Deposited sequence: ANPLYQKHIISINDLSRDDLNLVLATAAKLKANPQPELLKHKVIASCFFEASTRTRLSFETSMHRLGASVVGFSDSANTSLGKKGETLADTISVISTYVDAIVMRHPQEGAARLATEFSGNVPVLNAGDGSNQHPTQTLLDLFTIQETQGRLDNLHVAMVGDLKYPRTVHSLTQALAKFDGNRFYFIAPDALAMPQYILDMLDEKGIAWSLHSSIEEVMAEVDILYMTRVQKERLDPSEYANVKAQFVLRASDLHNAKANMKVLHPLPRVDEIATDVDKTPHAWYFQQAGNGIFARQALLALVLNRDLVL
């Protein structure tokens, strides 16, 4: 385990075999729970910025491993972290300002900080549950067709997911975005200087028949109507919440997988906690 007592601010600061080990740990915890693994551990859920579904999933992941939780669903932040790091074995925090988790690392001492949302920048466990659901549904993170639909400019979870998928071989991307919203040039360059296929589009039915994963973000409104030529294995993903970015008539379909996607966050965060605060596996 390379992650024992590691801070986790950015998923991009991670190797591909690190991702594979995290996903394997998550699958092992999904198969047979280990509810006393993190017994006698006390973790802080410090949601400076409220996020009740992220917080509920994180705390349920902690409780599945028999840990205890203290925190707040809400002086400098430096002093707050300096004090809290003397109570707990780990700090899980969400903060409305960018770089706040990396700042917390400098005063947390021998206590690892896990980023649950750092401004609207890093949110690694969301990308981890995304990758875990992709691997869980397709059995592989290699040789896959990944359509990404919506606002691909601002939500950096999309960029983190693309960078994680590029660390595996054989994938082809499809970017559906108006124009003002579009995958920034640096990820296109990251795929070019790594030799990976990708193509912009205007609508979803343009390549509906070819996609393995359809990842949507928060005009381009999806409907079950538009899933006639879908591959049987195809899965629809959404980090949530949704309104009518995905109309409710898609929930009934076999491709609707955003609720199972959100449920897999339990195992992503469970595996991350287990890797950080435990050596043996």
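The chain's deposited sequence has unresolved stretches at 1, 76 to 85, 230 to 245, 309 to 310, with no C-alpha coordinates there.
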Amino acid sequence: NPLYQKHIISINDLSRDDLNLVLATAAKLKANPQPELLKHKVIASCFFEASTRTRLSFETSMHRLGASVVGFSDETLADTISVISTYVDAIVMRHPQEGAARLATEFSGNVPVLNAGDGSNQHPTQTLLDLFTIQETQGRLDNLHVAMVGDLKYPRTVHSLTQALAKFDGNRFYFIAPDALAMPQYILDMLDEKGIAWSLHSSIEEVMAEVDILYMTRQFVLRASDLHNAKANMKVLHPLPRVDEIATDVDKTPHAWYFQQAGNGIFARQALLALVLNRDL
From here on, numbers count along this sequence of modelled residues.
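According to the PDB record, 14 to 22 carries the higher mean C-alpha B-factor of the two stretches 266 to 274 and 14 to 22. Of the two stretches examined, 76 to 84 and 172 to 180, the record assigns the greater average C-alpha temperature factor to 172 to 180. Of the candidates 225, 57, 248, 233, the deposited coordinates give 225 the top C-alpha B factor.
As recorded in the entry, 194 carries the highest CA temperature factor of 159, 95, 123, 194. When all modelled residues of the chain are sorted by CA temperature factor, residue 215 is found within the middle third. Among the modelled residues of its chain, residue 185 has a C-alpha B-factor that falls in the highest third according to the deposited record. Per the PDB record, residue ranking by Cα B-factor puts residue 27 in the middle third of the chain. Per the PDB record, residue ranking by Cα B-factor puts residue 155 in the highest third of the chain. Sort the chain's modelled residues by C-alpha temperature factor and residue 208 lands in the highest third, per the entry.
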